[PDB]
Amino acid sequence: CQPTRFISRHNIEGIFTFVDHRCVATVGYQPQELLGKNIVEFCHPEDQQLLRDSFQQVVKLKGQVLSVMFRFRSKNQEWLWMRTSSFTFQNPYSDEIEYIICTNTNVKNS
């Protein structure tokens, strides 16, 4: 069985700047319920600071994969365990501010 997953892009602060529509079946929100909000707004209070430090570090890691596990509040107000794997991308023909590409998968914590 296919794990449920969706791709997102975020600025270095955590604000969703792009949301793949597979999010509906993964966490239940439409893309535009997520766009322009910070990912920490959907995160469990105990996991918020981990996730903010994860965004802070992924940009120091030379574009390698940083993984994080956290609880995300579905559109049912239920906590789902997410594994978000993330990495920076910066087009090397430019000097534009990097951004962060994430894949977001509902996983088991067990």
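Just count from 1 along the sequence shown to find any residue number.
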Legend entry - Of the residues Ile100, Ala25, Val19, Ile15, the one carrying the largest Cα B-factor as recorded: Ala25
Inset, instruction - Going by the CA temperature factor in the entry, name the top one among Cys43, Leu50, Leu61, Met82. - result: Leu61
Inset, instruction - Could you tell me which third, lowest, middle or highest, the C-alpha B-factor of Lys75 occupies within its chain? - result: highest
Legend entry - B-factor third for the C-alpha atom of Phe89 within its chain: highest
Legend entry - Cα B factor band for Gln56 (lowest, middle or highest third within the chain): highest
